[PDB]
$ cat entry_37.csv   # CSV, N, CA and C atoms
chain,number,residue,atom,x,y,z
W,22,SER,N,12.0,0.5,6.5
W,22,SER,CA,13.0,0.3,5.4
W,22,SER,C,12.4,0.8,4.1
W,23,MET,N,13.4,1.1,3.1
W,23,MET,CA,13.0,1.5,1.8
W,23,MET,C,12.2,0.4,1.1
W,24,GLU,N,12.6,-0.8,1.2
W,24,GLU,CA,11.9,-2.0,0.6
W,24,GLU,C,10.3,-2.0,1.0
W,25,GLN,N,10.1,-1.8,2.3
W,25,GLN,CA,8.7,-1.7,2.8
W,25,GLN,C,7.9,-0.5,2.2
W,26,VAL,N,8.6,0.6,2.1
W,26,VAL,CA,8.0,1.7,1.4
W,26,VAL,C,7.6,1.5,-0.1
W,27,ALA,N,8.5,0.8,-0.8
W,27,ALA,CA,8.3,0.5,-2.2
W,27,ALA,C,7.1,-0.4,-2.4
W,28,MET,N,7.0,-1.4,-1.5
W,28,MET,CA,5.9,-2.3,-1.5
W,28,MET,C,4.6,-1.6,-1.2
W,29,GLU,N,4.6,-0.7,-0.3
W,29,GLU,CA,3.5,0.2,0.0
W,29,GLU,C,3.1,1.1,-1.1
W,30,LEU,N,4.0,1.6,-1.9
W,30,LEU,CA,3.7,2.4,-3.1
W,30,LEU,C,3.0,1.5,-4.2
W,31,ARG,N,3.5,0.2,-4.3
W,31,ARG,CA,2.9,-0.8,-5.2
W,31,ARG,C,1.4,-1.0,-4.8
W,32,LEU,N,1.2,-1.2,-3.5
W,32,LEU,CA,-0.2,-1.5,-3.0
W,32,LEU,C,-1.1,-0.3,-3.2
W,33,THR,N,-0.6,0.9,-3.0
W,33,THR,CA,-1.3,2.2,-3.3
W,33,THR,C,-1.6,2.3,-4.8
W,34,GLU,N,-0.7,2.0,-5.6
W,34,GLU,CA,-1.0,2.1,-7.1
W,34,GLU,C,-2.0,1.0,-7.5
W,35,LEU,N,-2.0,-0.2,-6.9
W,35,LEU,CA,-3.0,-1.2,-7.2
W,35,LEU,C,-4.3,-0.7,-6.7
W,36,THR,N,-4.4,-0.1,-5.5
W,36,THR,CA,-5.6,0.4,-5.0
W,36,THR,C,-6.2,1.5,-5.9
W,37,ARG,N,-5.3,2.3,-6.5
W,37,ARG,CA,-5.9,3.3,-7.4
W,37,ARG,C,-6.5,2.7,-8.6
W,38,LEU,N,-5.8,1.8,-9.3
W,38,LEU,CA,-6.4,1.0,-10.4
W,38,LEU,C,-7.7,0.3,-10.1
W,39,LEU,N,-7.7,-0.4,-9.0
W,39,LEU,CA,-8.9,-1.2,-8.5
W,39,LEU,C,-10.1,-0.3,-8.2
W,40,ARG,N,-9.9,0.9,-7.7
W,40,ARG,CA,-10.9,1.9,-7.6
W,40,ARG,C,-11.6,2.3,-8.9
W,41,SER,N,-10.7,2.5,-10.0
W,41,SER,CA,-11.3,2.8,-11.3
W,41,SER,C,-12.0,1.6,-11.9
W,42,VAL,N,-11.4,0.4,-11.6
W,42,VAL,CA,-12.1,-0.8,-12.1
W,42,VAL,C,-13.4,-0.9,-11.4
W,43,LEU,N,-13.5,-0.7,-10.1
W,43,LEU,CA,-14.7,-0.8,-9.3
W,43,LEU,C,-15.8,0.2,-9.8
W,44,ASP,N,-15.4,1.4,-10.1
W,44,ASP,CA,-16.4,2.4,-10.7
W,44,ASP,C,-16.9,1.9,-12.0
W,45,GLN,N,-16.1,1.4,-12.9
W,45,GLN,CA,-16.5,0.9,-14.2
W,45,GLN,C,-17.4,-0.3,-14.0
W,46,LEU,N,-17.2,-1.1,-13.0
W,46,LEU,CA,-18.1,-2.3,-12.9
W,46,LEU,C,-19.4,-1.9,-12.4
W,47,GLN,N,-19.4,-1.0,-11.4
W,47,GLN,CA,-20.6,-0.5,-10.8
W,47,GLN,C,-21.5,0.2,-11.8
W,48,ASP,N,-20.9,0.8,-12.9
W,48,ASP,CA,-21.7,1.5,-13.9
W,48,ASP,C,-22.5,0.5,-14.7
W,49,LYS,N,-22.0,-0.8,-14.7
W,49,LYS,CA,-22.7,-1.8,-15.4
W,49,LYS,C,-24.0,-2.3,-14.6
W,50,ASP,N,-24.3,-1.6,-13.5
W,50,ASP,CA,-25.4,-2.0,-12.6
W,50,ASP,C,-26.2,-0.7,-12.3
W,51,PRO,N,-26.8,-0.1,-13.4
W,51,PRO,CA,-27.4,1.2,-13.2
W,51,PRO,C,-28.6,1.2,-12.3
W,52,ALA,N,-29.3,0.0,-12.2
W,52,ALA,CA,-30.4,-0.2,-11.3
W,52,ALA,C,-30.0,-0.3,-9.8
W,53,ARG,N,-28.7,-0.4,-9.5
W,53,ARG,CA,-28.1,-0.5,-8.2
W,53,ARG,C,-28.6,-1.7,-7.4
W,54,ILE,N,-28.8,-2.8,-8.1
W,54,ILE,CA,-29.2,-4.0,-7.4
W,54,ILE,C,-28.1,-4.6,-6.5
W,55,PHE,N,-26.9,-4.3,-6.9
W,55,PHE,CA,-25.7,-4.8,-6.2
W,55,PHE,C,-24.9,-3.8,-5.3
W,56,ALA,N,-25.5,-2.7,-5.1
W,56,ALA,CA,-24.9,-1.5,-4.4
W,56,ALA,C,-24.6,-1.7,-3.0
W,57,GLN,N,-25.6,-2.5,-2.3
W,57,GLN,CA,-25.5,-2.6,-0.9
W,57,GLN,C,-25.7,-4.0,-0.4
W,58,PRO,N,-25.3,-4.4,0.8
W,58,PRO,CA,-25.6,-5.7,1.2
W,58,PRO,C,-27.1,-6.1,1.2
W,59,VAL,N,-27.3,-7.4,0.9
W,59,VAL,CA,-28.7,-7.9,1.1
W,59,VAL,C,-29.1,-7.6,2.6
W,60,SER,N,-30.3,-7.0,2.8
W,60,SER,CA,-30.8,-6.7,4.1
W,60,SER,C,-31.3,-8.0,4.9
W,61,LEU,N,-30.8,-8.3,6.1
W,61,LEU,CA,-31.3,-9.4,6.9
W,61,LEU,C,-32.7,-9.0,7.5
W,62,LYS,N,-33.0,-7.8,7.7
W,62,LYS,CA,-34.4,-7.4,8.0
W,62,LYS,C,-35.3,-7.8,6.9
W,63,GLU,N,-35.0,-7.6,5.6
W,63,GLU,CA,-35.9,-7.9,4.5
W,63,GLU,C,-35.8,-9.4,3.8
W,64,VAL,N,-34.7,-10.1,4.1
W,64,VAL,CA,-34.5,-11.5,3.7
W,64,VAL,C,-33.9,-12.1,4.9
W,65,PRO,N,-34.7,-12.4,5.9
W,65,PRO,CA,-34.2,-12.9,7.2
W,65,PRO,C,-33.5,-14.2,7.1
W,66,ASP,N,-33.9,-15.0,6.1
W,66,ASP,CA,-33.3,-16.4,5.9
W,66,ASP,C,-32.0,-16.4,5.0
W,67,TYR,N,-31.5,-15.2,4.6
W,67,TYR,CA,-30.5,-15.0,3.5
W,67,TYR,C,-29.3,-15.9,3.8
W,68,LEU,N,-28.8,-15.8,5.1
W,68,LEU,CA,-27.6,-16.5,5.4
W,68,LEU,C,-27.7,-18.0,5.6
W,69,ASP,N,-28.9,-18.6,5.6
W,69,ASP,CA,-29.1,-20.0,5.4
W,69,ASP,C,-28.8,-20.4,4.0
W,70,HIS,N,-28.9,-19.5,3.1
W,70,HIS,CA,-28.7,-19.7,1.6
W,70,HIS,C,-27.4,-19.4,1.1
W,71,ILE,N,-26.9,-18.3,1.5
W,71,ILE,CA,-25.6,-17.7,1.0
W,71,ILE,C,-24.6,-17.5,2.1
W,72,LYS,N,-23.5,-18.3,2.0
W,72,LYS,CA,-22.5,-18.3,3.1
W,72,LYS,C,-21.5,-17.1,3.1
W,73,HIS,N,-21.3,-16.6,2.0
W,73,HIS,CA,-20.4,-15.4,1.9
W,73,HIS,C,-21.0,-14.3,1.0
W,74,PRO,N,-21.9,-13.5,1.7
W,74,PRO,CA,-22.5,-12.3,1.0
W,74,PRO,C,-21.5,-11.3,0.5
W,75,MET,N,-21.8,-10.6,-0.6
W,75,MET,CA,-20.9,-9.6,-1.1
W,75,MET,C,-21.8,-8.6,-1.8
W,76,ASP,N,-21.2,-7.4,-1.9
W,76,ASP,CA,-21.9,-6.2,-2.5
W,76,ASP,C,-20.8,-5.1,-2.8
W,77,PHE,N,-21.2,-4.2,-3.6
W,77,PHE,CA,-20.2,-3.1,-4.0
W,77,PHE,C,-19.8,-2.2,-2.9
W,78,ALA,N,-20.7,-1.9,-1.9
W,78,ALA,CA,-20.2,-1.1,-0.8
W,78,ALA,C,-19.2,-1.8,0.1
W,79,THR,N,-19.4,-3.1,0.3
W,79,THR,CA,-18.5,-3.9,1.1
W,79,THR,C,-17.1,-3.9,0.4
W,80,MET,N,-17.1,-4.1,-0.9
W,80,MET,CA,-15.9,-4.1,-1.7
W,80,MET,C,-15.2,-2.7,-1.6
W,81,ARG,N,-15.9,-1.6,-1.7
W,81,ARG,CA,-15.4,-0.3,-1.6
W,81,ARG,C,-14.8,-0.1,-0.2
W,82,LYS,N,-15.4,-0.6,0.9
W,82,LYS,CA,-14.8,-0.4,2.2
W,82,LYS,C,-13.4,-1.2,2.3
W,83,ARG,N,-13.4,-2.4,1.8
W,83,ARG,CA,-12.2,-3.1,1.7
W,83,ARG,C,-11.0,-2.4,0.9
W,84,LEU,N,-11.4,-1.9,-0.2
W,84,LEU,CA,-10.5,-1.2,-1.1
W,84,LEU,C,-9.9,0.0,-0.4
W,85,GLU,N,-10.7,0.8,0.3
W,85,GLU,CA,-10.2,2.0,0.9
W,85,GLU,C,-9.3,1.8,2.2
W,86,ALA,N,-9.4,0.6,2.8
W,86,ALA,CA,-8.4,0.1,3.7
W,86,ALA,C,-7.2,-0.6,3.0
W,87,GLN,N,-7.1,-0.4,1.7
W,87,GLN,CA,-6.0,-1.1,0.8
W,87,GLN,C,-6.0,-2.6,1.2
W,88,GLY,N,-7.2,-3.2,1.2
W,88,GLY,CA,-7.4,-4.6,1.6
W,88,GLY,C,-7.3,-5.6,0.5
W,89,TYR,N,-7.2,-5.2,-0.7
W,89,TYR,CA,-6.9,-6.1,-1.8
W,89,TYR,C,-5.4,-6.1,-2.2
W,90,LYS,N,-4.8,-7.3,-2.0
W,90,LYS,CA,-3.3,-7.5,-2.2
W,90,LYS,C,-3.0,-7.6,-3.7
W,91,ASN,N,-4.0,-8.1,-4.5
W,91,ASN,CA,-3.8,-8.4,-5.9
W,91,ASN,C,-5.2,-8.4,-6.6
W,92,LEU,N,-5.2,-8.5,-7.9
W,92,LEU,CA,-6.4,-8.5,-8.7
W,92,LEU,C,-7.3,-9.7,-8.5
W,93,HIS,N,-6.6,-10.8,-8.2
W,93,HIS,CA,-7.3,-12.1,-8.0
W,93,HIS,C,-8.3,-12.0,-6.8
W,94,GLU,N,-7.8,-11.4,-5.7
W,94,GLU,CA,-8.7,-11.2,-4.5
W,94,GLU,C,-9.9,-10.3,-4.8
W,95,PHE,N,-9.7,-9.3,-5.6
W,95,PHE,CA,-10.8,-8.4,-6.0
W,95,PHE,C,-11.8,-9.1,-6.9
W,96,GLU,N,-11.3,-9.8,-7.9
W,96,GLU,CA,-12.1,-10.6,-8.8
W,96,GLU,C,-12.9,-11.6,-8.0
W,97,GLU,N,-12.3,-12.3,-7.0
W,97,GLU,CA,-13.1,-13.2,-6.2
W,97,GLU,C,-14.4,-12.6,-5.6
W,98,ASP,N,-14.2,-11.4,-5.0
W,98,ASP,CA,-15.3,-10.6,-4.4
W,98,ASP,C,-16.3,-10.2,-5.5
W,99,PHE,N,-15.9,-9.8,-6.6
W,99,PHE,CA,-16.8,-9.5,-7.7
W,99,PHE,C,-17.6,-10.7,-8.1
W,100,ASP,N,-16.9,-11.8,-8.3
W,100,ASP,CA,-17.6,-13.1,-8.7
W,100,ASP,C,-18.6,-13.5,-7.6
W,101,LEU,N,-18.4,-13.3,-6.3
W,101,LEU,CA,-19.3,-13.7,-5.3
W,101,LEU,C,-20.6,-12.9,-5.5
W,102,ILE,N,-20.5,-11.6,-5.8
W,102,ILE,CA,-21.7,-10.7,-6.1
W,102,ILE,C,-22.6,-11.4,-7.1
W,103,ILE,N,-22.0,-11.9,-8.2
W,103,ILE,CA,-22.7,-12.5,-9.3
W,103,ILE,C,-23.2,-13.8,-8.9
W,104,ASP,N,-22.3,-14.6,-8.4
W,104,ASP,CA,-22.6,-16.0,-8.2
W,104,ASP,C,-23.7,-16.2,-7.1
W,105,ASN,N,-23.6,-15.4,-6.0
W,105,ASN,CA,-24.6,-15.4,-4.9
W,105,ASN,C,-26.0,-15.2,-5.5
W,106,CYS,N,-26.1,-14.2,-6.4
W,106,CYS,CA,-27.3,-13.7,-6.9
W,106,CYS,C,-28.0,-14.8,-7.8
W,107,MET,N,-27.2,-15.4,-8.6
W,107,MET,CA,-27.6,-16.5,-9.5
W,107,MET,C,-28.0,-17.8,-8.8
W,108,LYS,N,-27.6,-18.0,-7.5
W,108,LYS,CA,-28.0,-19.1,-6.8
W,108,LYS,C,-29.3,-18.8,-6.0
W,109,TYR,N,-29.4,-17.6,-5.4
W,109,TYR,CA,-30.5,-17.2,-4.5
W,109,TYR,C,-31.8,-16.9,-5.4
W,110,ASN,N,-31.6,-16.2,-6.5
W,110,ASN,CA,-32.7,-15.9,-7.4
W,110,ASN,C,-32.9,-16.8,-8.6
W,111,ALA,N,-34.1,-17.0,-9.0
W,111,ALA,CA,-34.4,-17.8,-10.1
W,111,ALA,C,-34.1,-17.1,-11.4
W,112,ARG,N,-33.9,-17.9,-12.4
W,112,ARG,CA,-33.6,-17.5,-13.8
W,112,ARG,C,-34.5,-16.4,-14.4
W,113,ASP,N,-35.8,-16.5,-14.1
W,113,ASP,CA,-36.8,-15.6,-14.7
W,113,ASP,C,-37.0,-14.3,-13.8
W,114,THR,N,-36.0,-13.8,-13.1
W,114,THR,CA,-36.2,-12.7,-12.2
W,114,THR,C,-35.3,-11.5,-12.7
W,115,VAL,N,-35.8,-10.3,-12.4
W,115,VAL,CA,-35.0,-9.1,-12.7
W,115,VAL,C,-33.6,-9.2,-12.0
W,116,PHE,N,-33.5,-9.8,-10.8
W,116,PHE,CA,-32.2,-10.0,-10.1
W,116,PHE,C,-31.2,-10.8,-10.8
W,117,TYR,N,-31.7,-12.0,-11.2
W,117,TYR,CA,-30.8,-13.0,-11.9
W,117,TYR,C,-30.3,-12.3,-13.2
W,118,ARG,N,-31.2,-11.7,-14.0
W,118,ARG,CA,-30.9,-11.1,-15.3
W,118,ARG,C,-29.9,-10.0,-15.1
W,119,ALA,N,-30.1,-9.2,-14.1
W,119,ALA,CA,-29.1,-8.1,-13.8
W,119,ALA,C,-27.7,-8.7,-13.5
W,120,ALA,N,-27.6,-9.8,-12.8
W,120,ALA,CA,-26.3,-10.5,-12.6
W,120,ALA,C,-25.7,-11.0,-13.9
W,121,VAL,N,-26.5,-11.6,-14.8
W,121,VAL,CA,-25.9,-12.0,-16.1
W,121,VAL,C,-25.4,-10.8,-16.8
W,122,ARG,N,-26.1,-9.7,-16.8
W,122,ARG,CA,-25.6,-8.6,-17.6
W,122,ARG,C,-24.3,-7.9,-17.0
W,123,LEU,N,-24.2,-7.9,-15.7
W,123,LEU,CA,-23.1,-7.4,-15.0
W,123,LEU,C,-21.8,-8.3,-15.2
W,124,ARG,N,-22.0,-9.6,-15.2
W,124,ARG,CA,-21.0,-10.6,-15.5
W,124,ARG,C,-20.5,-10.4,-16.9
W,125,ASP,N,-21.4,-10.3,-17.9
W,125,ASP,CA,-21.0,-10.2,-19.3
W,125,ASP,C,-20.2,-8.9,-19.6
W,126,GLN,N,-20.8,-7.8,-19.1
W,126,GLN,CA,-20.2,-6.5,-19.3
W,126,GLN,C,-19.0,-6.3,-18.5
W,127,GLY,N,-19.0,-6.8,-17.2
W,127,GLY,CA,-17.8,-6.7,-16.4
W,127,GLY,C,-16.6,-7.5,-16.9
W,128,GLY,N,-16.8,-8.6,-17.5
W,128,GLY,CA,-15.7,-9.5,-18.2
W,128,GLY,C,-14.8,-8.7,-19.1
W,129,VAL,N,-15.3,-7.8,-19.8
W,129,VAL,CA,-14.6,-6.9,-20.8
W,129,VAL,C,-13.6,-6.0,-20.0
W,130,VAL,N,-14.1,-5.4,-18.9
W,130,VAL,CA,-13.4,-4.5,-18.0
W,130,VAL,C,-12.3,-5.3,-17.4
W,131,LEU,N,-12.6,-6.5,-16.9
W,131,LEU,CA,-11.6,-7.3,-16.1
W,131,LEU,C,-10.5,-7.9,-17.0
W,132,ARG,N,-10.9,-8.1,-18.3
W,132,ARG,CA,-10.0,-8.6,-19.3
W,132,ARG,C,-8.8,-7.7,-19.5
W,133,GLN,N,-9.1,-6.3,-19.5
W,133,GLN,CA,-8.0,-5.3,-19.7
W,133,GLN,C,-7.3,-4.9,-18.4
W,134,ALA,N,-8.1,-4.9,-17.3
W,134,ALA,CA,-7.5,-4.7,-16.0
W,134,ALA,C,-6.4,-5.8,-15.7
W,135,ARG,N,-6.6,-7.0,-16.1
W,135,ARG,CA,-5.6,-8.1,-15.9
W,135,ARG,C,-4.4,-7.7,-16.7
W,136,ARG,N,-4.5,-7.2,-17.9
W,136,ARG,CA,-3.4,-6.8,-18.8
W,136,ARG,C,-2.7,-5.6,-18.1
W,137,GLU,N,-3.5,-4.6,-17.6
W,137,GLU,CA,-2.9,-3.4,-16.9
W,137,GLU,C,-2.1,-3.7,-15.6
W,138,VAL,N,-2.6,-4.7,-14.9
W,138,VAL,CA,-1.9,-5.1,-13.6
W,138,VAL,C,-0.6,-5.9,-13.8
W,139,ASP,N,-0.6,-6.8,-14.8
W,139,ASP,CA,0.6,-7.4,-15.4
W,139,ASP,C,1.5,-6.4,-16.0
W,140,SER,N,1.0,-5.6,-16.9
W,140,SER,CA,1.8,-4.6,-17.6
W,140,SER,C,2.5,-3.6,-16.6
W,141,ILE,N,1.8,-2.8,-15.8
W,141,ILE,CA,2.4,-1.8,-14.9
W,141,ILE,C,3.0,-2.5,-13.6
W,142,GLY,N,2.9,-3.8,-13.4
W,142,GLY,CA,3.6,-4.5,-12.3
W,142,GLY,C,2.8,-4.3,-11.0
$ encode --input "entry_37.csv" --output "structure tokens"
Amino acid sequence: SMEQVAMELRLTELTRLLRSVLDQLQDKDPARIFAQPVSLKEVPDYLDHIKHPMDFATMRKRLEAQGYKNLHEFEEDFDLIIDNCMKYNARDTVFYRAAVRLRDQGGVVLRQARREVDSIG
């Protein structure tokens, strides 16, 4: 149906915008601390601590399958990156501090993305 197509076009356009949002967020992580999943080889106990791991590569895989239906879903995954890190790592670590900076800086990007997703429908 033509209605199915138009919905598909909306999803595709959301996917384009989310990809630019994701690039912008990831530039706020120049050290690449959040680029890849936490390794179970190097933190074998990680899943005893963190129930829903997340990282930018896993987000990017989801995005390219057009797996985000709305900005809320995408923000949930970004928030897990930050929130997981701030629970697992202590305050006085390079990891925790990189999370705080990504959160603070990413908030600006997300503030306007919310306006763009509302605005362009």
$ atom_distance --input "entry_37.csv" --atom1 "atom C of residue 35 in chain W" --atom2 "atom C of residue 122 in chain W"
23.6 Å
$ atom_distance --input "entry_37.csv" --atom1 "atom N of residue 32 in chain W" --atom2 "atom N of residue 130 in chain W"
22.1 Å
$ atom_distance --input "entry_37.csv" --atom1 "atom N of residue 109 in chain W" --atom2 "atom N of residue 85 in chain W"
26.8 Å
$ residues_near_point --input "entry_37.csv" --point "(-22.6, -12.5, -8.7)" --cutoff "12 Å" --atoms "only C-alpha atoms" --output "mmCIF file with N, CA and C atoms, in the frame of the given file"
data_model
loop_
_atom_site.group_PDB
_atom_site.id
_atom_site.type_symbol
_atom_site.label_atom_id
_atom_site.label_comp_id
_atom_site.auth_asym_id
_atom_site.auth_seq_id
_atom_site.Cartn_x
_atom_site.Cartn_y
_atom_site.Cartn_z
ATOM 1 N N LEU W 46 -17.200 -1.100 -13.000
ATOM 2 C CA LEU W 46 -18.100 -2.300 -12.900
ATOM 3 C C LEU W 46 -19.400 -1.900 -12.400
ATOM 4 N N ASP W 50 -24.300 -1.600 -13.500
ATOM 5 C CA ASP W 50 -25.400 -2.000 -12.600
ATOM 6 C C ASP W 50 -26.200 -0.700 -12.300
ATOM 7 N N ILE W 54 -28.800 -2.800 -8.100
ATOM 8 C CA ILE W 54 -29.200 -4.000 -7.400
ATOM 9 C C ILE W 54 -28.100 -4.600 -6.500
ATOM 10 N N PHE W 55 -26.900 -4.300 -6.900
ATOM 11 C CA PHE W 55 -25.700 -4.800 -6.200
ATOM 12 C C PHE W 55 -24.900 -3.800 -5.300
ATOM 13 N N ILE W 71 -26.900 -18.300 1.500
ATOM 14 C CA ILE W 71 -25.600 -17.700 1.000
ATOM 15 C C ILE W 71 -24.600 -17.500 2.100
ATOM 16 N N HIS W 73 -21.300 -16.600 2.000
ATOM 17 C CA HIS W 73 -20.400 -15.400 1.900
ATOM 18 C C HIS W 73 -21.000 -14.300 1.000
ATOM 19 N N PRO W 74 -21.900 -13.500 1.700
ATOM 20 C CA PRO W 74 -22.500 -12.300 1.000
ATOM 21 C C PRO W 74 -21.500 -11.300 0.500
ATOM 22 N N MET W 75 -21.800 -10.600 -0.600
ATOM 23 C CA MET W 75 -20.900 -9.600 -1.100
ATOM 24 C C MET W 75 -21.800 -8.600 -1.800
ATOM 25 N N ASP W 76 -21.200 -7.400 -1.900
ATOM 26 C CA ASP W 76 -21.900 -6.200 -2.500
ATOM 27 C C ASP W 76 -20.800 -5.100 -2.800
ATOM 28 N N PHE W 77 -21.200 -4.200 -3.600
ATOM 29 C CA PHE W 77 -20.200 -3.100 -4.000
ATOM 30 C C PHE W 77 -19.800 -2.200 -2.900
ATOM 31 N N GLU W 96 -11.300 -9.800 -7.900
ATOM 32 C CA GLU W 96 -12.100 -10.600 -8.800
ATOM 33 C C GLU W 96 -12.900 -11.600 -8.000
ATOM 34 N N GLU W 97 -12.300 -12.300 -7.000
ATOM 35 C CA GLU W 97 -13.100 -13.200 -6.200
ATOM 36 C C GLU W 97 -14.400 -12.600 -5.600
ATOM 37 N N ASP W 98 -14.200 -11.400 -5.000
ATOM 38 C CA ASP W 98 -15.300 -10.600 -4.400
ATOM 39 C C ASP W 98 -16.300 -10.200 -5.500
ATOM 40 N N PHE W 99 -15.900 -9.800 -6.600
ATOM 41 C CA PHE W 99 -16.800 -9.500 -7.700
ATOM 42 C C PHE W 99 -17.600 -10.700 -8.100
ATOM 43 N N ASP W 100 -16.900 -11.800 -8.300
ATOM 44 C CA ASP W 100 -17.600 -13.100 -8.700
ATOM 45 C C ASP W 100 -18.600 -13.500 -7.600
ATOM 46 N N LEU W 101 -18.400 -13.300 -6.300
ATOM 47 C CA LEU W 101 -19.300 -13.700 -5.300
ATOM 48 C C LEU W 101 -20.600 -12.900 -5.500
ATOM 49 N N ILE W 102 -20.500 -11.600 -5.800
ATOM 50 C CA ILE W 102 -21.700 -10.700 -6.100
ATOM 51 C C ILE W 102 -22.600 -11.400 -7.100
ATOM 52 N N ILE W 103 -22.000 -11.900 -8.200
ATOM 53 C CA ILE W 103 -22.700 -12.500 -9.300
ATOM 54 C C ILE W 103 -23.200 -13.800 -8.900
ATOM 55 N N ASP W 104 -22.300 -14.600 -8.400
ATOM 56 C CA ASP W 104 -22.600 -16.000 -8.200
ATOM 57 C C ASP W 104 -23.700 -16.200 -7.100
ATOM 58 N N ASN W 105 -23.600 -15.400 -6.000
ATOM 59 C CA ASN W 105 -24.600 -15.400 -4.900
ATOM 60 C C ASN W 105 -26.000 -15.200 -5.500
ATOM 61 N N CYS W 106 -26.100 -14.200 -6.400
ATOM 62 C CA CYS W 106 -27.300 -13.700 -6.900
ATOM 63 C C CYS W 106 -28.000 -14.800 -7.800
ATOM 64 N N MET W 107 -27.200 -15.400 -8.600
ATOM 65 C CA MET W 107 -27.600 -16.500 -9.500
ATOM 66 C C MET W 107 -28.000 -17.800 -8.800
ATOM 67 N N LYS W 108 -27.600 -18.000 -7.500
ATOM 68 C CA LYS W 108 -28.000 -19.100 -6.800
ATOM 69 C C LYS W 108 -29.300 -18.800 -6.000
ATOM 70 N N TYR W 109 -29.400 -17.600 -5.400
ATOM 71 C CA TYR W 109 -30.500 -17.200 -4.500
ATOM 72 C C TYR W 109 -31.800 -16.900 -5.400
ATOM 73 N N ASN W 110 -31.600 -16.200 -6.500
ATOM 74 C CA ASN W 110 -32.700 -15.900 -7.400
ATOM 75 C C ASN W 110 -32.900 -16.800 -8.600
ATOM 76 N N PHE W 116 -33.500 -9.800 -10.800
ATOM 77 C CA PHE W 116 -32.200 -10.000 -10.100
ATOM 78 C C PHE W 116 -31.200 -10.800 -10.800
ATOM 79 N N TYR W 117 -31.700 -12.000 -11.200
ATOM 80 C CA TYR W 117 -30.800 -13.000 -11.900
ATOM 81 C C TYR W 117 -30.300 -12.300 -13.200
ATOM 82 N N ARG W 118 -31.200 -11.700 -14.000
ATOM 83 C CA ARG W 118 -30.900 -11.100 -15.300
ATOM 84 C C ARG W 118 -29.900 -10.000 -15.100
ATOM 85 N N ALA W 119 -30.100 -9.200 -14.100
ATOM 86 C CA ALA W 119 -29.100 -8.100 -13.800
ATOM 87 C C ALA W 119 -27.700 -8.700 -13.500
ATOM 88 N N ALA W 120 -27.600 -9.800 -12.800
ATOM 89 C CA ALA W 120 -26.300 -10.500 -12.600
ATOM 90 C C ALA W 120 -25.700 -11.000 -13.900
ATOM 91 N N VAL W 121 -26.500 -11.600 -14.800
ATOM 92 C CA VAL W 121 -25.900 -12.000 -16.100
ATOM 93 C C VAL W 121 -25.400 -10.800 -16.800
ATOM 94 N N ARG W 122 -26.100 -9.700 -16.800
ATOM 95 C CA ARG W 122 -25.600 -8.600 -17.600
ATOM 96 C C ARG W 122 -24.300 -7.900 -17.000
ATOM 97 N N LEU W 123 -24.200 -7.900 -15.700
ATOM 98 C CA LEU W 123 -23.100 -7.400 -15.000
ATOM 99 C C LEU W 123 -21.800 -8.300 -15.200
ATOM 100 N N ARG W 124 -22.000 -9.600 -15.200
ATOM 101 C CA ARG W 124 -21.000 -10.600 -15.500
ATOM 102 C C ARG W 124 -20.500 -10.400 -16.900
ATOM 103 N N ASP W 125 -21.400 -10.300 -17.900
ATOM 104 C CA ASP W 125 -21.000 -10.200 -19.300
ATOM 105 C C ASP W 125 -20.200 -8.900 -19.600
ATOM 106 N N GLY W 127 -19.000 -6.800 -17.200
ATOM 107 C CA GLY W 127 -17.800 -6.700 -16.400
ATOM 108 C C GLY W 127 -16.600 -7.500 -16.900
#
$ residues_near_point --input "entry_37.csv" --point "(-5.9, 0.8, -12.5)" --cutoff "12 Å" --atoms "only C-alpha atoms" --output "ChimeraX atom specification"
/W:31-45,91-92,130-131,133-142
$ closest_residue --input "entry_37.csv" --among "W:68, W:26, W:115, W:128" --to "residue 52 in chain W" --atoms "only C-alpha atoms"
W:115
$ select_by_dssp --input "entry_37.csv" --residues "chain W" --states "helix (DSSP H, G or I)" --output "ChimeraX atom specification"
/W:23-47,67-70,77-85,92-109,115-140
$ decode --input "entry_37.csv" --residues "range 114-122 of chain W" --atoms "N, CA and C atoms" --output "PDB file, in the first residue's frame"
ATOM      1  N   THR W 114      37.678   7.883  38.141  1.00  0.00           N
ATOM      2  CA  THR W 114      38.298   7.163  37.054  1.00  0.00           C
ATOM      3  C   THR W 114      38.186   7.921  35.772  1.00  0.00           C
ATOM      4  N   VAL W 115      39.131   7.641  34.879  1.00  0.00           N
ATOM      5  CA  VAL W 115      39.019   8.211  33.526  1.00  0.00           C
ATOM      6  C   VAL W 115      37.691   7.775  32.813  1.00  0.00           C
ATOM      7  N   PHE W 116      37.197   6.580  33.106  1.00  0.00           N
ATOM      8  CA  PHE W 116      35.964   6.089  32.487  1.00  0.00           C
ATOM      9  C   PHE W 116      34.770   6.875  32.920  1.00  0.00           C
ATOM     10  N   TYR W 117      34.627   7.042  34.228  1.00  0.00           N
ATOM     11  CA  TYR W 117      33.444   7.774  34.761  1.00  0.00           C
ATOM     12  C   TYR W 117      33.451   9.200  34.238  1.00  0.00           C
ATOM     13  N   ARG W 118      34.625   9.830  34.274  1.00  0.00           N
ATOM     14  CA  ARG W 118      34.737  11.225  33.862  1.00  0.00           C
ATOM     15  C   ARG W 118      34.443  11.412  32.381  1.00  0.00           C
ATOM     16  N   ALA W 119      34.843  10.443  31.563  1.00  0.00           N
ATOM     17  CA  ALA W 119      34.496  10.460  30.129  1.00  0.00           C
ATOM     18  C   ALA W 119      32.954  10.352  29.917  1.00  0.00           C
ATOM     19  N   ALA W 120      32.268   9.584  30.781  1.00  0.00           N
ATOM     20  CA  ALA W 120      30.806   9.483  30.744  1.00  0.00           C
ATOM     21  C   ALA W 120      30.150  10.813  31.072  1.00  0.00           C
ATOM     22  N   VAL W 121      30.630  11.480  32.125  1.00  0.00           N
ATOM     23  CA  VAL W 121      30.077  12.766  32.509  1.00  0.00           C
ATOM     24  C   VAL W 121      30.217  13.769  31.340  1.00  0.00           C
ATOM     25  N   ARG W 122      31.362  13.780  30.697  1.00  0.00           N
ATOM     26  CA  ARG W 122      31.587  14.723  29.608  1.00  0.00           C
ATOM     27  C   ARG W 122      30.713  14.456  28.376  1.00  0.00           C
TER      28      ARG W 122
END
